[PDB]
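Chains as they are written, first to last, in the numbering used here: chain E, 8 to 192; chain S, 8 to 192; chain L, 8 to 192; chain Y, 8 to 192; chain U, 390 to 550; chain W, 390 to 550; chain Z, 390 to 550. All C-beta atoms, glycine included, are put in the ideal place defined by N, C-alpha and C. The block underneath contains the structure these notes are about, expressed in C-alpha cells.
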Amino acid sequence: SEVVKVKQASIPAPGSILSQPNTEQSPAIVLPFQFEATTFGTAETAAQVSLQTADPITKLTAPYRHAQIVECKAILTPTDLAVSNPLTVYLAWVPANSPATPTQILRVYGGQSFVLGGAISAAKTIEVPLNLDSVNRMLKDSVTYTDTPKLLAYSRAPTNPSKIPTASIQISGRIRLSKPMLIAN
Amino acid sequence: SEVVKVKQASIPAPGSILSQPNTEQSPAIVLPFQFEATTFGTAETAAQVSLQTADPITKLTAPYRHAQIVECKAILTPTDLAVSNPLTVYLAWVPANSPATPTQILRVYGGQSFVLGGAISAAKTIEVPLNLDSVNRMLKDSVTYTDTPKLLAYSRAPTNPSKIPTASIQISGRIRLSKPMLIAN
Amino acid sequence: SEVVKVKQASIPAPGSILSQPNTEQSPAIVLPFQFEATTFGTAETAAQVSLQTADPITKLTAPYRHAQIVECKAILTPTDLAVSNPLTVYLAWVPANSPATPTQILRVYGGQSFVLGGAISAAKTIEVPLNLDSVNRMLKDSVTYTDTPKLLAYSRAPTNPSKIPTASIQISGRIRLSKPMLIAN
Amino acid sequence: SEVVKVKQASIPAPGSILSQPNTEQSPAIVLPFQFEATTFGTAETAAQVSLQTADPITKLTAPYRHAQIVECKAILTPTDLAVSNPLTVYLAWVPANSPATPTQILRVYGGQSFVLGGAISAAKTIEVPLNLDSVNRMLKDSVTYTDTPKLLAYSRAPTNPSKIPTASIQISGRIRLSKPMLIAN
Amino acid sequence: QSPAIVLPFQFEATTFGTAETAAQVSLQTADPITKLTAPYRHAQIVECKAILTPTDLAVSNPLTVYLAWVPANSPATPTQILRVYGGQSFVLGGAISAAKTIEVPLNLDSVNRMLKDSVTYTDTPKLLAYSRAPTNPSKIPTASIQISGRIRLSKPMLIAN
Amino acid sequence: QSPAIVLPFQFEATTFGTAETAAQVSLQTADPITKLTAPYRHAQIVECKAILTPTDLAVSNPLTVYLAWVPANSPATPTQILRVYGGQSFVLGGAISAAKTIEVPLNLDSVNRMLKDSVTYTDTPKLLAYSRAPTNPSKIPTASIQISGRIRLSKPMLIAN
Amino acid sequence: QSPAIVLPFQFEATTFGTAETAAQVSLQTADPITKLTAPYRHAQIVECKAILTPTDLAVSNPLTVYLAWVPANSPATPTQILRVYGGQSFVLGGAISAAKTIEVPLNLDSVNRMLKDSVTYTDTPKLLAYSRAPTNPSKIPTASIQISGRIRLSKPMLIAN
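In C-alpha cells:
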C-alpha cells in the first residue's frame with residue numbers, strides 16, 4: 008500500500024564469470040548497502056549511475072578482491088514538494104557497455120516512466136529491482152568486466168526549479184565480499 | 008535498519024470483477040512501474056492518487072485492454088531537509104469510491120501517522136503496501152470498475168516552507184497486462 | 008456500510024520481552040479502555056500518542072505492575088461538520104522508539120491517508136487496528152520497554168477553522184493486568 | 008491500530024425473559040443500527056442513554072412486539088479538535104434500574120476513564136462493547152423489563168467550550184425484531 | 390535467530406595532542422553506530438577493536454596514550470586505565486609504526502553485545518582513553534583512536550523513507 | 390593440467406642510495422619475467438621472494454629500506470609500506486649480514502598466481518619499495534632488491550624461431 | 390563437609406615509606422579476618438593473595454619492597470625474604486604500573502588452610518614484608534600491601550546478637 012514493486016523487462020544476458028571457486032571455499036561475508044543515486048527537481052537530471060564505480064559501493068568493496076551482488080534495487084522516493092510540483096522519472100537497468108543514454112530511455116527494452124509528482128495520484132515509493140540475470144553479478148573481480156549493472160535515469164528540466172529536491176532514487180541491496188586485499192590502514 | 012515496512016490494517020473487501028469465456032484467451036506479460044506521487048516540503052499537501060486514472064500506470068496499459076495489478080506498495084521518503092525540519096504524514100489506501108478525503112485520513116480504519124525526520128531514528132524509508140483484498144485489482148478491463156485502489160495522503164501546512172521537497176511518496180509495483188489491443192501502427 | 012476497517016500494512020517486529028520464573032505466579036483480569044486521543048477541526052493537528060505514558064491506560068495499570076495490551080485499535084470519527092468542511096487525516100502505528108514524526112507519516116511503510124467528509128461516501132467511522140507483532144505488547148512490566156505502541160496522526164492546517172472539532176480519533180482496546188502491587192489503603 | 012476494543016467489567020446478571028417460544032418458530036429478522044448517543048466539548052456533558060427509549064432504536068422497533076439485542080457496543084470518537092483540547096470521558100454500561108448517576112461513574116464496578124483529547128496520545132477510536140449477560144437482552148417485549156441496558160457517560164465542563172463537538176459516542180449493533188405490531192401506516 | 394545481516398563500521402572516536410584528553414566513548418550512543426543501526430530495532434556486536442594511530446607530528450612531540458574497554462557501568466574513569474584489567478599504555482613517538490598497528494580488541498565476554506533492543510542494557514562497551522596534558526599543544530592532532538568492527542542487524546524499524 | 394615445465398628466474402628490480410627511491414615493480418610486466426614467458430601462453434608463479442642485499446658502502450652511509458607485496462590493485466603506495474599488512478622496515482648499515490640474508494616472501498594467497506593467460510588479470514604481484522632521499526647520495530648503489538622464484542609454463546606460443 | 394559458605398575479604402596489612410618497615414603479618418590474628426570469622430567456629434582459606442600497590446609518590450622517592458609467604462613457624466625473618474623460597478623483590482619507582490598489578494599468591498601446600506578450629510594450628514599463613522629505611526621519609530605512605538582472598542566458614546558460633 009505504501010510501497011509498490013514493479014519489475015522491469017525479462018531477457019537473459021548472464022554475462023561471464025571467473026571459475027576460481029574450483030576446490031576453494033574461501034570465507035565470504037554479506038553486507039547490505041544503500042546510497043543516494045540522484046536527486047530530482049533542482050534542474051534537468053539525467054545521470055547514469057554505474058554500480059561498479061559509485062563511491063559508496065566502492066569504499067564498501069575497497070578491502071576486497073571479489074565483490075558479488077546478491078540482490079539490488081532502485082527506489083523512487085517522492086517528497087511533499089512533489090505533491091504540488093509533478094514530475095516524471097525514467098528508470099532502466101542496463102549493463103554498463105550499452106550505448107543507451109539517459110535521454111533515450113523509453114527506446115530500450117524495459118524503460119519505464121513514472122509520474123511521482125501526482126497531485127491526484129497517491130504519494131507512494133516505487134521500487135524497481137535489478138534483474139541480475141540481465142547483467143553481470145560481479146562488481147569487482149580479478150578481471151574487469153563490461154556487463155556491470157548501470158542505472159539509467161532521467162527527467163526533463165523542471166518548470167518551477169526548486170532548491171530542495173522533489174524526488175530521489177536510492178539504490179540498496181546486498182553484496183558478497185571475499186578474498187581480502189592488502190591496503191593501507 | 009534502513010527500510011521499515013509497516014503494513015496497513017484492513018478487512019477483506021475483494022470487489023467482484025467480470026468473468027472471461029471458456030474460449031481461446033491469451034498469455035500475458037508482467038511489467039513493473041514506479042512513479043512519483045506527491046511532494047511535501049512546499050505547502051499543505053493533501054493529495055489523492057487513484058492509479059487507474061493517473062498515468063503512467065496508464066501509458067503502460069494503453070496498448071492492452073486488460074490490466075491487473077499484481078502487487079503494489081506506497082513508499083515514503085524523507086530527505087536531508089527533514090532531518091531538522093520535521094513534518095508529519097498521513098497514509099491510507101482506500102477504494103476509489105470512498106467518501107474519505109485527505110484531511111480525514113485518521114478517521115478511516117487503518118489510517119496511519121508517520122512523523123518523518125526530526126525524531127531520533129527518523130529519516131528512514133517507510134513502506135506501506137496495498138492489501139489486494141481491500142480493493143479491486145482491475146485497473147483496466149472491458150468495463151470500468153469503481154473500487155480500484157486509491158492512495159490518499161496528507162500533511163499539515165509547513166511552518167518553514169522549503170523551495171525543495173522535504174519528503175516524497177512514490178508508488179511501486181507490477182501489472183499483468185494481457186489481451187493486446189489493435190491500434191494504428 | 009457504517010463502519011469500515013482498513014488494516015495497516017506491516018512486518019513482524021515482535022520486540023523481545025522479559026521472562027518470568029518457574030515459580031508461583033498469578034491469574035489476571037482483563038479490563039477494557041477507550042479514551043479520546045486527538046481532535047481535528049481546530050488547527051493544524053500533529054499529535055502522537057504513546058499509550059504507555061498517556062493515561063488513562065495508566066490510571067488503569069497503576070495498581071498492578073504487569074500490563075499487557077491484548078488487542079487495540081485506533082478509531083477515526085467524522086462529524087456532521089466535516090460533511091461540507093472536508094479534511095484529510097494521516098494514521099500510522101509506530102514503535103515508540105521510532106524517528107518518524109507526525110508530518111512524515113506518509114514516508115513510513117504503512118502510512119495511510121484518509122479523506123474524511125466532503126467526498127461521496129465519506130462520514131463513516133474508519134478503524135485502523137494495531138498489529139501486535141509490529142510493536143511490543145508490554146505497557147508496564149518490571150522494566151521499561153522502548154518499542155511500545157505509539158499512534159501518530161496528522162492533518163494539514165484547516166482553511167476554515169471550526170470552534171468545535173470536525174473529526175476525532177479515539178483508541179479502544181483491552182489490557183491484561185496481573186500481579187497486583189502493594190500500596191497504601 | 009486505528010480501532011481499539013476495551014471490555015468492561017465481568018459479572019453475570021442475565022435478567023429474566025418470556026418463555027413464549029414454546030412450540031413457536033415465528034419468523035424474525037435481524038437489523039443493524041447505529042446512532043449518536045451524545046456529544047462532548049460544547050459544555051458539561053453527563054447524559055444517560057437508555058437503549059429501550061432512545062428514539063433511533065424506537066422507530067426501528069416501532070412496528071414490532073419483540074425486539075431483542077444480538078450485539079451492541081459504544082464507540083468513543085475523538086476529532087481533530089480534541090488533538091489540542093484534551094478531555095476525559097467516562098463510560099459504563101449498566102441496567103436501567105441501577106441508582107448510578109453519570110457524575111459517579113468510577114464508583115460502579117466497570118466504570119472506565121479515557122483521555123481522548125491526547126495531544127501526545129494517538130487519536131484512535133475506542134470501542135466499549137456491552138456485555139449482554141450483565142443486563143437484559145430484550146428491548147421491547149409483551150412485558151416491560153427493568154434490566155434494560157443503559158449507557159452512563161460523563162465529562163467535566165470544558166475549559167475552552169467549543170461550538171463544535173470534540174468527541175462523540177456512537178452506539179451500534181444488531182437487533183432481532185419479530186411478531187409485528189399493527190400500527191398506522 | 391531471524392533474517393539478520395552483518396555489516397562493518399569504523400569511525401574515529403578521539404583525538405590527542407590538542408590538550409589533556411580524557412574522554413570515554415560509549416558505543417551505544419556514538420553517532421556513527423547510530424545512523425548505522427537506526428533502520429533496525431536489534432543491534433548486536435559481532436566484532437570490535439580500537440586502533441590507535443599516531444602521525445608524523447608524534448616524532449616531534451611524543452605522547453603516551455591509555456586505552457581500556459569497560460562495561461560502561463564500571464566506576465573506572467580515564468585516569469585509572471592502568472588499574473583496570475586489560476588497560477594499556479603506548480608510547481607514540483618516533484612512532485615509525487614497526488609494520489603492524491596498535492590494536493586493542495574488545496573482549497566480548499567483558500560486556501554486552503546488545504547495542505539496541507527492546508530494553509536499554511547498562512553493561513555495553515565503553516572505551517576509556519586518556520593522555521596527560523601535552524607539554525606544548527598543537528592545533529593539529531598528534532594521534533587518534535578509531536573504533537571498528539562488525540554489527541548484526543535485524544527486526545526492520547519503521548523510519549522516514 | 391597439461392604438459393608444463395617449471396623453471397626459475399631471478400632479476401634485480403630496484404637500487405637504493407642514488408636518490409630518494411620509491412619504486413613499485415609489477416611482476417606481470419617486468420622484462421626479465423617477460424623474455425622468460427614469451428614462448429608460452431600460460432605462466433603461473435609457483436614460488437616468489439624479494440631479497441634485499443646491501444653493500445659495503447652501507448656501513449658508511451646507512452639507509453632504511455621498506456618492502457611490501459601487493460595485489461597491484463591496491464591503492465597502497467610506496468610511502469605507506471608500513472601501513473600495509475606485511476610491510477617491513479630494515480636498517481641496512483654496518484650491515485655485516487649476520488649469516489642469513491634479508492628475505493621477504495610473497496604470500497600467494499594475497500595475490501594472483503597467473504602472470505600470463507587468455508585474460509589479463511588485475512590482482513597480480515607488485516613489489517612496493519621505498520627509502521627516503523639519502524642524506525648525501527652516491528653514484529654507486531648502496532643496496533638492491535632482487536626478485537627470485539619459480540614459474541610454471543604451458544601452452545606453447547608461436548614466436549619467431 | 391557441612392553447611393558452609395565462602396565469602397571474600399581484603400584488608401591492607403602494611404605501609405611503606407614512613408620508615409624502615411619490616412613487618413610480618415599473620416592471617417590467623419589479623420583483625421579484619423577476625424571480625425570476619427567471629428560468627429563461625431571453622432575457617433578455612435580457599436584462596437589468598439598479597440597485592441603490592443605503589444603511589445604517585447613512588448616516582449619521586451623509589452623504594453624496593455620484599456614479600457614472602459611463610460608457615461609462621463618458619464624461623465625466617467623479614468631481612469631474609471630473599472633467602473626464602475618464593476620470596477621476591479620489586480622496584481616501585483616511576484611505577485607507571487605497566488597494565489597488571491604486582492600480585493604474590495600464597496601457595497596453599499606451603500601452609501595450613503585452617504585459620505580457626507577446635508585446636509590452634511601453628512603452621513598458618515604469615516606474610517613477610519621488608520624494605521630498608523627510606524633515604525628521606527614521608528608522612529604519607531609511598532606504597533602498601535593488601536591481603537585478599539576467600540574464606541570458607543561453617544559451624545555457627547554463639548555470639549552476642
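Straight-line measurement puts the Cα of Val135/S at about 41 Å from the Cα of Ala54/Y.
Counting other Cβ atoms within 10 Å of its Cβ, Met188/S stays below 16 and is therefore classed as exposed. With a beta-carbon spacing of about 14 Å, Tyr116/S and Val122/L fall beyond the 8 Å limit used to define contacts. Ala74/S is positioned such that its CB atom lies closer than 9 Å to that of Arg183/S. Excluding the 5 residues flanking it on each side, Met503/W has same chain C-beta neighbours closer than 6 Å at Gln433 and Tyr510, in chain order. Only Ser169, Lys170, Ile171, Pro172, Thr173, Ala174, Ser175, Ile176, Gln177, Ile178, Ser179, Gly180, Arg181 and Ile182 from the segment 168 to 184 of chain L bring a Cβ to less than 9 Å from some Cβ of chain Y. Interface with chain E (9 Å Cβ-Cβ cutoff): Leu25/S is excluded. Inside the segment 486 to 550 of chain Z, DSSP marks whole beta strand (DSSP E) runs of 3 or more residues at positions 491 to 494, 503 to 505, 515 to 519 and 532 to 545, from first to last along the chain.
For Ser478/Z, the uninterrupted beta strand (DSSP E) run begins and ends at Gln477 to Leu481, by DSSP. Beta-bridge analysis with DSSP links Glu401/U to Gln535/U. According to the DSSP secondary-structure assignment, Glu78/L is paired through a beta bridge with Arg181/L. Of all residues in the segment 12 to 41 of chain S, the ones placed with a Cβ closer than 7 Å to any Cβ belonging to chain Y are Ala16, in chain order. Contact of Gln119/S with chain Y is assigned, a C-beta pair being separated by under 9 Å. Residue state for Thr52/E is assigned as strand, using DSSP reduced to three classes. Sorting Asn550/W, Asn496/W, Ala532/W and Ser527/W by C-alpha distance to the C-alpha of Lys438/W places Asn496/W at the top.
Between the alpha carbons of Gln535/W and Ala465/W lies a gap of roughly 21 Å. Distance from the CA of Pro21/S to the CA of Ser33/S, rounded to the nearest whole angstrom, comes to 24 Å.
Within the same chain, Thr453, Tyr455 and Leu471 come within 7 Å of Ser478/W by CB-CB distance, once the 5 residues on both sides are set aside. Using beta-carbon distances, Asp87/Y counts as an interface residue toward chain L, with a partner under 9 Å. For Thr84/E, the residues of chain U that pass the 7 Å Cβ criterion are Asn550, in the order they occur in the chain. The continuous stretches of alpha helix (DSSP H) do not include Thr468/Z, and DSSP gives it neither H nor E. If you compare the alpha carbons of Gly406/U, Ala518/U and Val395/U with that of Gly476/U, the shortest gap goes to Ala518/U. Neighbours of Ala487/Z in chain U, taken as residues whose beta carbon is under 9 Å from its own, are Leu471, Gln477 and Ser478 in chain order. The Cβ neighbour count for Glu51/L, taken over all protein chains shown within 10 Å, is at least 16; the residue is labelled buried. Residue environment analysis places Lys157/L among the buried positions, since at least 16 neighbouring C-beta atoms fall within 10 angstroms of its C-beta.
In this structure, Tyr429/Z and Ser543/Z form a Cβ contact; the two beta carbons are roughly 6 Å apart against a cut-off of 8 Å.
Within chain S, the C-beta atoms nearer than 7 Å to that of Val10/Y come from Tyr116, in chain order.
DSSP places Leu98/Y inside the beta strand (DSSP E), whose first and last residues are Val96 to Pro102. Close partners of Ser105/S in chain L (Cβ separation under 9 Å): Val11, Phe121, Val122, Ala126, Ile127, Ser128, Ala129 and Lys131. Rounded to whole angstroms, the gap between the alpha carbons of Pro451/U and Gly483/Z is 18 Å. DSSP, read as helix, strand or coil, puts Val448/W in helix. Counting of Cβ neighbours within 10 angstroms places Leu25/S among the exposed residues, the total staying below 16. Around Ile394/Z, the same chain offers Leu542 as residues with beta carbons nearer than 7 Å, after the five sequence neighbours per side are excluded. Not flagged as an interface residue toward chain W: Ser57/E, since no C-beta distance is shorter than 9 Å. Residues of chain Y with a Cβ closer than 7 Å to the Cβ of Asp154/L do not exist; the shortest Cβ-Cβ separation is about 15 Å. The beta carbon of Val56/E is closer than 6 Å to those of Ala44 and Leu158 in its chain, skipping five residues each way along the sequence.
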